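Raw final.cif, mmCIF, C-alpha atoms and all ligand atoms:
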```
data_query
#
loop_
_atom_site.label_atom_id
_atom_site.label_comp_id
_atom_site.auth_asym_id
_atom_site.auth_seq_id
_atom_site.Cartn_x
_atom_site.Cartn_y
_atom_site.Cartn_z
CA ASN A 46 176.28 129.63 63.61
CA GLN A 47 172.73 129.70 62.40
CA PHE A 48 173.00 132.87 60.30
CA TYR A 49 175.08 133.99 57.32
CA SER A 50 175.50 137.24 55.44
CA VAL A 51 175.15 137.99 51.72
CA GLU A 52 175.48 141.23 49.79
CA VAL A 53 172.19 142.31 48.18
CA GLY A 54 172.13 145.46 46.10
CA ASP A 55 173.97 148.04 48.24
CA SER A 56 173.23 146.32 51.44
CA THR A 57 173.91 143.20 53.50
CA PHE A 58 171.21 140.58 54.25
CA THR A 59 172.02 138.42 57.30
CA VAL A 60 169.67 135.39 57.14
CA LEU A 61 169.11 131.93 58.51
CA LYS A 62 171.13 129.34 56.63
CA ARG A 63 167.93 127.58 55.50
CA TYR A 64 167.51 130.54 53.06
CA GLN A 65 169.88 129.98 50.14
CA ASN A 66 170.84 131.61 46.82
CA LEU A 67 169.32 135.03 47.58
CA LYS A 68 168.74 137.03 44.38
CA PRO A 69 167.08 140.46 44.25
CA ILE A 70 163.59 140.51 42.73
CA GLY A 71 162.51 144.11 43.56
CA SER A 72 162.66 147.05 45.97
CA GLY A 73 160.19 149.53 47.51
CA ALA A 74 160.73 152.41 50.00
CA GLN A 75 159.81 150.17 52.98
CA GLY A 76 162.68 147.77 52.09
CA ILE A 77 164.41 145.49 49.58
CA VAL A 78 163.40 142.06 48.43
CA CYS A 79 165.08 138.80 47.55
CA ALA A 80 163.89 135.49 46.16
CA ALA A 81 165.42 132.55 48.03
CA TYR A 82 165.29 128.76 48.40
CA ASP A 83 164.00 127.70 51.78
CA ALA A 84 165.74 124.27 52.24
CA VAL A 85 163.80 123.39 55.37
CA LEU A 86 160.33 123.76 53.80
CA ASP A 87 161.83 122.86 50.41
CA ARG A 88 160.29 125.71 48.42
CA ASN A 89 161.07 129.21 47.23
CA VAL A 90 160.29 132.25 49.30
CA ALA A 91 160.50 136.03 49.17
CA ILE A 92 162.55 137.77 51.90
CA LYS A 93 162.14 141.46 52.79
CA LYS A 94 164.49 143.30 55.05
CA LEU A 95 163.33 146.11 57.27
CA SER A 96 166.57 148.08 58.16
CA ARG A 97 165.41 151.26 59.81
CA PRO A 98 162.03 150.36 61.22
CA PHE A 99 162.74 152.08 64.60
CA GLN A 100 164.83 154.95 63.06
CA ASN A 101 162.01 157.49 63.41
CA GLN A 102 158.28 157.60 64.05
CA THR A 103 157.21 157.31 60.43
CA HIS A 104 159.35 154.26 59.75
CA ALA A 105 158.52 152.62 63.11
CA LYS A 106 154.74 153.05 62.79
CA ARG A 107 154.64 151.57 59.30
CA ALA A 108 157.04 148.69 60.20
CA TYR A 109 154.91 147.89 63.24
CA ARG A 110 151.71 148.15 61.20
CA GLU A 111 153.07 145.92 58.38
CA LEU A 112 154.27 143.31 60.85
CA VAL A 113 151.09 143.08 62.92
CA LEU A 114 148.71 143.08 59.92
CA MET A 115 150.80 140.53 57.96
CA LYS A 116 150.45 138.21 60.93
CA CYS A 117 146.74 138.90 61.67
CA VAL A 118 145.44 138.92 58.06
CA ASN A 119 144.72 135.72 56.17
CA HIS A 120 143.17 136.01 52.73
CA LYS A 121 144.02 134.46 49.37
CA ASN A 122 144.48 137.91 47.75
CA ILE A 123 146.83 139.23 50.42
CA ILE A 124 150.44 138.09 50.56
CA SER A 125 151.00 135.60 53.44
CA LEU A 126 153.85 135.79 55.89
CA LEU A 127 155.71 132.51 56.35
CA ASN A 128 158.36 133.52 58.85
CA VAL A 129 159.77 136.51 60.74
CA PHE A 130 163.24 136.80 62.21
CA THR A 131 166.02 139.05 63.47
CA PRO A 132 169.68 137.97 63.62
CA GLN A 133 170.19 140.04 66.78
CA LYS A 134 169.97 138.27 70.11
CA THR A 135 168.63 140.88 72.52
CA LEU A 136 166.57 144.01 72.65
CA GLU A 137 169.75 146.06 73.10
CA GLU A 138 171.44 144.67 70.01
CA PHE A 139 168.16 144.60 67.98
CA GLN A 140 168.47 146.28 64.60
CA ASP A 141 166.86 144.44 61.68
CA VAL A 142 163.73 142.56 60.88
CA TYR A 143 163.30 140.05 58.05
CA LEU A 144 159.89 139.09 56.64
CA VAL A 145 159.69 135.80 54.72
CA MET A 146 156.65 135.37 52.45
CA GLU A 147 155.45 133.12 49.59
CA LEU A 148 157.21 133.85 46.28
CA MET A 149 155.08 135.04 43.36
CA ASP A 150 156.29 135.10 39.75
CA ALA A 151 155.76 138.70 38.61
CA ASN A 152 154.72 142.24 39.48
CA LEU A 153 151.54 143.76 38.11
CA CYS A 154 153.61 146.20 35.97
CA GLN A 155 154.64 143.13 33.80
CA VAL A 156 151.10 141.76 33.45
CA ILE A 157 149.87 145.30 32.54
CA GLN A 158 152.27 145.27 29.59
CA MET A 159 150.64 142.06 28.06
CA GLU A 160 147.90 142.28 25.35
CA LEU A 161 144.37 142.92 26.52
CA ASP A 162 142.52 139.70 27.50
CA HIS A 163 139.06 140.03 29.06
CA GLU A 164 139.05 136.85 31.10
CA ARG A 165 142.49 137.73 32.59
CA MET A 166 141.63 141.42 33.27
CA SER A 167 138.25 140.47 34.73
CA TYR A 168 139.92 137.82 36.95
CA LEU A 169 142.72 140.15 38.08
CA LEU A 170 140.24 142.91 38.92
CA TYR A 171 137.92 140.49 40.76
CA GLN A 172 140.76 139.32 42.92
CA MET A 173 141.98 142.91 43.62
CA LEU A 174 138.45 143.84 44.62
CA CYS A 175 138.19 140.70 46.86
CA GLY A 176 141.41 141.68 48.56
CA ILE A 177 140.27 145.27 48.99
CA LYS A 178 136.86 144.23 50.36
CA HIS A 179 138.57 142.03 52.96
CA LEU A 180 140.92 144.82 54.07
CA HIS A 181 137.95 147.20 54.44
CA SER A 182 136.04 144.60 56.46
CA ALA A 183 138.97 144.59 58.85
CA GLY A 184 139.02 148.44 59.07
CA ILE A 185 141.96 148.97 56.65
CA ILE A 186 141.51 151.47 53.83
CA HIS A 187 144.70 151.18 51.72
CA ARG A 188 144.85 154.49 49.85
CA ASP A 189 148.17 153.65 48.12
CA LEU A 190 147.28 150.79 45.77
CA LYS A 191 149.42 150.71 42.68
CA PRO A 192 150.85 148.16 40.26
CA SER A 193 154.19 148.00 42.07
CA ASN A 194 152.60 146.71 45.31
CA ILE A 195 150.60 143.95 43.67
CA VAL A 196 152.14 140.60 42.60
CA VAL A 197 150.83 137.58 40.62
CA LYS A 198 151.65 133.84 40.12
CA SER A 199 151.84 132.58 36.50
CA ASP A 200 148.32 131.11 36.90
CA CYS A 201 147.01 134.73 37.45
CA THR A 202 146.48 134.42 41.23
CA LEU A 203 146.88 137.90 42.64
CA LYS A 204 148.25 139.20 45.89
CA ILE A 205 148.33 142.68 47.41
CA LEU A 206 151.69 143.15 49.12
CA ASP A 207 150.88 145.72 51.78
CA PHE A 208 148.30 147.56 53.86
CA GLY A 209 148.98 151.12 52.69
CA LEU A 210 149.20 154.38 54.63
CA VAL A 225 155.94 161.72 45.68
CA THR A 226 154.54 160.19 42.48
CA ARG A 227 150.82 160.23 43.06
CA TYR A 228 149.63 158.57 39.75
CA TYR A 229 147.18 156.13 41.37
CA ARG A 230 145.93 158.25 44.28
CA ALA A 231 142.29 159.36 44.41
CA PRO A 232 141.36 163.02 43.91
CA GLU A 233 140.09 163.35 47.52
CA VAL A 234 143.52 162.18 48.83
CA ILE A 235 145.54 164.45 46.51
CA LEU A 236 143.38 167.43 47.49
CA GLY A 237 143.52 166.36 51.19
CA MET A 238 139.73 166.33 51.55
CA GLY A 239 139.03 163.28 53.75
CA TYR A 240 138.24 159.81 52.40
CA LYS A 241 136.14 156.65 52.79
CA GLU A 242 136.36 153.07 51.53
CA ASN A 243 135.76 153.89 47.89
CA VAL A 244 139.15 155.74 47.76
CA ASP A 245 140.57 152.31 46.81
CA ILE A 246 138.14 152.02 43.85
CA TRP A 247 139.90 154.97 42.16
CA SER A 248 143.19 153.11 42.28
CA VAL A 249 141.53 150.02 40.74
CA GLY A 250 140.10 152.22 38.00
CA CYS A 251 143.61 153.66 37.27
CA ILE A 252 145.04 150.14 36.98
CA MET A 253 142.19 148.94 34.78
CA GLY A 254 142.50 151.84 32.39
CA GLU A 255 146.24 151.24 32.27
CA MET A 256 145.71 147.57 31.26
CA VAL A 257 143.64 148.87 28.37
CA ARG A 258 145.73 151.87 27.27
CA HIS A 259 149.29 150.60 28.22
CA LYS A 260 150.03 154.13 29.50
CA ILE A 261 149.77 155.58 32.96
CA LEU A 262 146.35 157.31 32.77
CA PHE A 263 147.34 160.31 34.92
CA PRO A 264 151.12 161.08 34.82
CA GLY A 265 152.49 164.29 36.31
CA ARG A 266 155.60 166.21 37.18
CA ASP A 267 153.93 166.94 40.59
CA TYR A 268 150.58 167.43 42.44
CA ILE A 269 149.50 170.42 40.30
CA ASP A 270 150.06 168.68 36.91
CA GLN A 271 148.68 165.45 38.36
CA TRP A 272 145.40 167.26 39.14
CA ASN A 273 145.48 168.98 35.72
CA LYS A 274 145.77 165.62 33.94
CA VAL A 275 142.80 164.13 35.77
CA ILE A 276 140.47 167.03 34.92
CA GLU A 277 141.83 167.27 31.37
CA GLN A 278 140.55 163.70 30.88
CA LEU A 279 137.49 163.44 33.10
CA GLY A 280 136.36 167.06 33.03
CA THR A 281 136.22 169.64 35.80
CA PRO A 282 133.72 168.21 38.36
CA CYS A 283 130.36 169.65 39.54
CA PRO A 284 130.91 172.88 41.69
CA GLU A 285 129.32 171.13 44.75
CA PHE A 286 132.52 169.02 45.05
CA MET A 287 134.76 172.08 45.55
CA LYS A 288 132.91 173.39 48.69
CA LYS A 289 134.50 170.47 50.66
CA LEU A 290 138.06 171.79 49.80
CA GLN A 291 140.32 173.52 52.44
CA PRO A 292 140.31 177.25 51.63
CA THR A 293 143.31 177.80 49.27
CA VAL A 294 143.12 174.37 47.58
CA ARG A 295 139.67 175.67 46.64
CA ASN A 296 140.79 178.91 44.95
CA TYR A 297 143.25 176.91 42.76
CA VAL A 298 140.67 174.30 41.68
CA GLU A 299 137.61 176.61 41.56
CA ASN A 300 139.28 179.59 39.77
CA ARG A 301 141.13 177.45 37.15
CA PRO A 302 139.74 176.93 33.60
CA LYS A 303 136.64 174.77 33.16
CA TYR A 304 137.64 171.52 31.37
CA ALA A 305 135.03 169.47 29.52
CA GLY A 306 136.79 166.10 29.56
CA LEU A 307 136.23 163.19 27.15
CA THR A 308 133.57 160.48 27.05
CA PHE A 309 134.59 156.96 27.97
CA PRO A 310 134.42 155.67 24.37
CA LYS A 311 136.85 158.49 23.40
CA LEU A 312 139.07 157.85 26.44
CA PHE A 313 139.25 154.12 25.60
CA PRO A 314 138.38 153.57 21.89
CA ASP A 315 137.22 150.34 20.21
CA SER A 316 140.76 149.97 18.77
CA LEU A 317 142.17 149.22 22.24
CA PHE A 318 139.85 146.19 22.67
CA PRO A 319 139.30 142.86 20.88
CA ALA A 320 136.91 143.50 17.97
CA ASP A 321 134.55 142.15 15.33
CA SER A 322 132.53 139.69 17.43
CA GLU A 323 129.48 140.42 19.56
CA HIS A 324 131.22 138.69 22.51
CA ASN A 325 134.03 141.24 22.35
CA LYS A 326 131.60 144.05 21.71
CA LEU A 327 129.75 143.18 24.94
CA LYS A 328 133.00 142.93 26.94
CA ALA A 329 134.33 146.21 25.56
CA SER A 330 131.17 148.07 26.72
CA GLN A 331 131.13 146.23 30.09
CA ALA A 332 134.78 147.21 30.61
CA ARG A 333 134.11 150.86 29.65
CA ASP A 334 130.95 150.87 31.73
CA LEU A 335 132.95 149.73 34.80
CA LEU A 336 135.72 152.23 34.09
CA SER A 337 133.11 155.04 33.93
CA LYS A 338 131.85 154.07 37.42
CA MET A 339 135.29 153.82 39.01
CA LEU A 340 137.07 156.74 37.41
CA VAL A 341 134.78 159.32 38.97
CA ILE A 342 136.36 162.35 40.58
CA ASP A 343 133.67 162.97 43.21
CA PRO A 344 133.74 160.02 45.71
CA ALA A 345 130.03 160.62 46.48
CA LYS A 346 129.30 159.41 42.86
CA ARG A 347 131.96 156.69 42.61
CA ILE A 348 130.95 153.02 42.74
CA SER A 349 131.46 151.02 45.92
CA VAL A 350 133.50 147.85 46.31
CA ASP A 351 130.27 145.79 46.67
CA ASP A 352 128.64 147.25 43.57
CA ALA A 353 131.85 146.74 41.60
CA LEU A 354 131.90 143.04 42.60
CA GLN A 355 128.36 142.77 41.31
CA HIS A 356 129.14 144.60 38.03
CA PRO A 357 128.53 142.26 35.03
CA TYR A 358 132.22 142.54 33.92
CA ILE A 359 133.34 141.25 37.32
CA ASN A 360 130.50 139.06 38.70
CA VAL A 361 131.24 136.10 36.38
CA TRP A 362 133.81 135.13 39.08
CA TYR A 363 131.41 134.85 42.12
CA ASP A 364 130.14 131.36 43.10
CA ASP A 381 145.61 151.31 66.99
CA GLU A 382 147.07 154.64 65.94
CA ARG A 383 148.65 156.03 69.09
CA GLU A 384 152.11 157.65 69.05
CA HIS A 385 155.26 156.24 70.75
CA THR A 386 158.84 157.12 71.63
CA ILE A 387 161.66 155.40 69.67
CA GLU A 388 162.58 153.13 72.64
CA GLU A 389 158.97 152.01 72.89
CA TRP A 390 158.45 151.38 69.19
CA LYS A 391 161.64 149.32 69.25
CA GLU A 392 160.33 147.31 72.16
CA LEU A 393 156.91 146.80 70.55
CA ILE A 394 158.49 145.70 67.29
CA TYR A 395 160.97 143.43 69.02
CA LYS A 396 158.26 141.60 70.93
CA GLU A 397 156.21 141.22 67.77
CA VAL A 398 159.23 139.55 66.11
CA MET A 399 160.15 137.38 69.11
CA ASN A 400 156.48 136.34 69.58
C1 LIG A 501 158.18 146.53 46.62
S1 LIG A 501 158.51 145.18 45.45
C2 LIG A 501 158.17 143.65 46.29
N1 LIG A 501 158.14 143.50 47.59
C3 LIG A 501 157.85 142.23 47.85
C4 LIG A 501 157.75 141.68 49.27
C5 LIG A 501 157.72 141.58 46.62
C6 LIG A 501 157.40 140.25 46.33
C7 LIG A 501 156.69 139.45 47.20
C8 LIG A 501 156.40 138.16 46.85
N2 LIG A 501 156.77 137.68 45.68
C9 LIG A 501 157.42 138.40 44.79
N3 LIG A 501 157.74 137.72 43.55
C10 LIG A 501 158.29 138.36 42.39
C11 LIG A 501 157.82 139.58 41.90
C12 LIG A 501 158.40 140.15 40.78
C13 LIG A 501 159.45 139.49 40.10
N4 LIG A 501 160.07 140.08 38.91
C14 LIG A 501 161.33 139.47 38.38
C15 LIG A 501 162.01 140.17 37.22
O1 LIG A 501 162.12 141.53 37.48
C16 LIG A 501 160.90 142.16 37.64
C17 LIG A 501 160.10 141.56 38.80
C18 LIG A 501 159.90 138.25 40.60
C19 LIG A 501 159.32 137.70 41.73
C20 LIG A 501 157.77 139.72 45.09
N5 LIG A 501 157.90 142.52 45.69
#
```
File written out as C-alpha cells:
Amino acid sequence: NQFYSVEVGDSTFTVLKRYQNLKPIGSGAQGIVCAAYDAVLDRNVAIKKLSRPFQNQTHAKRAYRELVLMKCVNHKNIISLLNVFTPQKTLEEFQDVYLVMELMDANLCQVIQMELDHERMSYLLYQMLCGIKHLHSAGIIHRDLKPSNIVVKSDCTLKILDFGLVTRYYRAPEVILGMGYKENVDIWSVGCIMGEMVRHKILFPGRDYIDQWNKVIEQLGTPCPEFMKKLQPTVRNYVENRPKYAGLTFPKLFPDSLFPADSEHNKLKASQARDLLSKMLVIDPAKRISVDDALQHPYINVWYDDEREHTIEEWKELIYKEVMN
C-alpha cells in the first residue's frame, strides 16, 4: 500500500510513504503540522492535516479558501504548496486533506526574541509588506496577521502561512470594534509586530476585548471624537463615555535604550523606525499609512530595486474535487 500511519501529537497522520520521519513542528486551530523528509523530491517538507474541514460551515469555508488560494497564489513571501492528498479513495469515504509545503526553519515568535538588528527588522518588514501588497492586489485582506502565522528560513526569507479570515493582540481597532475595514487593516498588524521586535513584549495584551481596547488607548491615547461616530450604537457609549486617555509619544513608547546607540547611523535608524511605527500604530484607519507608502518609507525602501454559502454535502464535494484536481 501507498500510505502509512504515524501518531502525531494526539492524532494520527496517514501519509504517502514518500513522507518519512514525521516530527511535529507546530500547531494552529486550522490543523497540526509536521516536518518530514520527502524521499521522492529528496528534500524536507512541512505537512499540515485538515481533519474536520467539512464538519461545519466555518471549518469548510476556511478549508476550501485555504486550499484554493494556496494553489492559485504564487509569491516569494507566501508559503508555497508542493502537494495535496487524501488517503481516502472516494467521495463517500473522503475525510482528511493533507497539505504539503516547503519547510522553513523558524516561526516569527523566535526571530522576535533575538536582539534588535536594523537590517534584519527592515528586511523582515519589507518582505511582510511585499506579501501583504500581493494579497491585496488579489483581493485578499488578511485581518489576522500575527507572529504565529509567519515563518522564516535561516537566511531571513519570510513567508506568510495563510490568507486570514479569542486573543486579539494583533487585530486592528476597527476590527475589534466591528466598524468595517479596508486594506490598511493589515498595516496595524505589521505595526504590532514591529513594536514587539523592539520592545520584546506584546504591545497590547489583554484578558479580553475590553482590556485589549483599554491597553491600546492607554498607550496611543483616546482618538479624535470623529472616529467614534462610525461605531455601532452601544460600542459607542462604552468608548465615548469612558475616561479620556492622553497616551505616550513614540520616543516614550520606544525609548533610545531599546535601540542600538552612540553612532549617527543608529540614531538615524532609531528615528526612522519610530517614525514608521508612529504611522502604522494609528488607531483611526483614515490616518494610518497605506501599504504603498510604507514600502516607500525610508526605513523600508532600501530593499526596493467567492463567498457564497453551501450545504455540508456540497462543501465536501467542492473540497474533494479541489484535492483530486
Ligand atoms: C500554525 S503553525 C505552522 N503551520 C505551518 C503550515 C507551519 C510551517 C510551515 C512551513 N514551515 C514551517 N517550518 C518550521 C517552523 C517553526 C519551527 N520551530 C521548531 C522548534 O519549535 C518551534 C518552531 C520549525 C519549522 C512551519 N507552521
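For ligand LIG 501 (chain A), the set of protein, DNA and RNA residues within 6 Å, based on only C-alpha atoms and all ligand atoms, reads residues 70, 71, 72, 73, 78, 91, 93, 147, 148, 149, 150, 151, 152, 194 and 196 of chain A.
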Legend entry - Among the residues A:399, A:203, A:117, A:394, the one that comes closest to residue 95 (chain A) [using all atoms listed in the file]: A:394
Legend entry - Among listed residues A:124, A:342, A:141, A:278, nearest residue 57 (chain A) (using only C-alpha atoms):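 Under the stated criterion, the closest residue is A:141.
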Legend entry - Interatomic distance (Å, one decimal) between CA of residue 173 (chain A) and CA of residue 250 (chain A):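 These two atoms are separated by 11.0 Å.
Considering all atoms listed in the file, the residue among A:113, A:161, A:90, A:327 positioned nearest to residue 400 (chain A) is A:113.
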Box time for region 55-69 of chain A: axis-aligned, enclosing all its listed atoms, 6 Å extra on each side; report centre and edge lengths in Å to one decimal, as lines of an AutoDock Vina configuration file.
```
center_x = 170.5
center_y = 137.8
center_z = 51.4
size_x = 18.9
size_y = 32.5
size_z = 26.3
```
Inset, instruction - Would you mind telling me which residue in A:202, A:272, A:346, A:190 lies nearest to residue 172 (chain A) when using all atoms listed in the file? - result: A:202
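Here the question is which of A:154, A:227, A:265, A:341 gets nearest to residue 283 (chain A) using only C-alpha atoms, and that residue is A:341.
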Legend entry - Contact residues around residue 353 (chain A) with all atoms listed in the file at 12 Å, ignoring same-chain residues under 5 positions, as a PyMOL selection string: chain A and resi 167+170-175+177-178+243+245-247+249-250+331-332+334-339+347-348+358-361+363
Legend entry - Top pick for closest residue to residue 198 (chain A), considering A:340, A:225, A:166, A:153 and counting only C-alpha atoms: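 For residue 198 (chain A), the nearest of the given residues is A:153.
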Atom completion result for region 139-153 of chain A (N, CA, C and O atoms) as an mmCIF file, in the frame of the given file:
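So rebuild_13.cif came out as:
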```cif
data_model
loop_
_atom_site.group_PDB
_atom_site.id
_atom_site.type_symbol
_atom_site.label_atom_id
_atom_site.label_comp_id
_atom_site.auth_asym_id
_atom_site.auth_seq_id
_atom_site.Cartn_x
_atom_site.Cartn_y
_atom_site.Cartn_z
ATOM 1 N N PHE A 139 169.162 144.706 69.045
ATOM 2 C CA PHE A 139 168.160 144.600 67.980
ATOM 3 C C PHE A 139 168.260 145.728 66.965
ATOM 4 O O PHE A 139 168.266 146.895 67.329
ATOM 5 N N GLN A 140 168.336 145.345 65.699
ATOM 6 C CA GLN A 140 168.470 146.280 64.600
ATOM 7 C C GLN A 140 167.542 145.997 63.428
ATOM 8 O O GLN A 140 166.868 146.900 62.972
ATOM 9 N N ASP A 141 167.568 144.769 62.900
ATOM 10 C CA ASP A 141 166.860 144.440 61.680
ATOM 11 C C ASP A 141 165.782 143.366 61.836
ATOM 12 O O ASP A 141 165.859 142.461 62.673
ATOM 13 N N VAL A 142 164.775 143.502 60.983
ATOM 14 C CA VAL A 142 163.730 142.560 60.880
ATOM 15 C C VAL A 142 163.682 142.007 59.467
ATOM 16 O O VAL A 142 163.764 142.750 58.533
ATOM 17 N N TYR A 143 163.435 140.717 59.341
ATOM 18 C CA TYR A 143 163.300 140.050 58.050
ATOM 19 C C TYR A 143 161.942 139.367 57.961
ATOM 20 O O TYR A 143 161.559 138.593 58.855
ATOM 21 N N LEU A 144 161.204 139.671 56.897
ATOM 22 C CA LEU A 144 159.890 139.090 56.640
ATOM 23 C C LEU A 144 160.080 138.116 55.487
ATOM 24 O O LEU A 144 160.663 138.491 54.445
ATOM 25 N N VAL A 145 159.587 136.887 55.691
ATOM 26 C CA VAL A 145 159.690 135.800 54.720
ATOM 27 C C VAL A 145 158.260 135.516 54.296
ATOM 28 O O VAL A 145 157.394 135.207 55.152
ATOM 29 N N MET A 146 157.983 135.680 53.006
ATOM 30 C CA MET A 146 156.650 135.370 52.450
ATOM 31 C C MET A 146 156.717 134.458 51.238
ATOM 32 O O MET A 146 157.769 134.203 50.731
ATOM 33 N N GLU A 147 155.569 133.949 50.815
ATOM 34 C CA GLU A 147 155.450 133.120 49.590
ATOM 35 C C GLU A 147 155.972 133.924 48.391
ATOM 36 O O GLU A 147 155.791 135.154 48.335
ATOM 37 N N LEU A 148 156.648 133.235 47.474
ATOM 38 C CA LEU A 148 157.210 133.850 46.280
ATOM 39 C C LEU A 148 156.191 133.793 45.154
ATOM 40 O O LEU A 148 155.639 132.740 44.885
ATOM 41 N N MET A 149 155.899 134.942 44.565
ATOM 42 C CA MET A 149 155.080 135.040 43.360
ATOM 43 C C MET A 149 156.032 135.118 42.179
ATOM 44 O O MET A 149 157.245 135.057 42.358
ATOM 45 N N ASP A 150 155.487 135.213 40.978
ATOM 46 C CA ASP A 150 156.290 135.100 39.750
ATOM 47 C C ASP A 150 156.477 136.405 39.030
ATOM 48 O O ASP A 150 157.418 136.512 38.270
ATOM 49 N N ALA A 151 155.616 137.405 39.269
ATOM 50 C CA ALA A 151 155.760 138.700 38.610
ATOM 51 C C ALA A 151 155.009 139.811 39.327
ATOM 52 O O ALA A 151 154.105 139.558 40.109
ATOM 53 N N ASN A 152 155.390 141.036 39.010
ATOM 54 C CA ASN A 152 154.720 142.240 39.480
ATOM 55 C C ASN A 152 153.564 142.534 38.527
ATOM 56 O O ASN A 152 153.542 142.018 37.424
ATOM 57 N N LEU A 153 152.625 143.360 38.960
ATOM 58 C CA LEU A 153 151.540 143.760 38.110
ATOM 59 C C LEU A 153 151.959 144.646 36.924
ATOM 60 O O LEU A 153 151.287 144.626 35.893
#
```
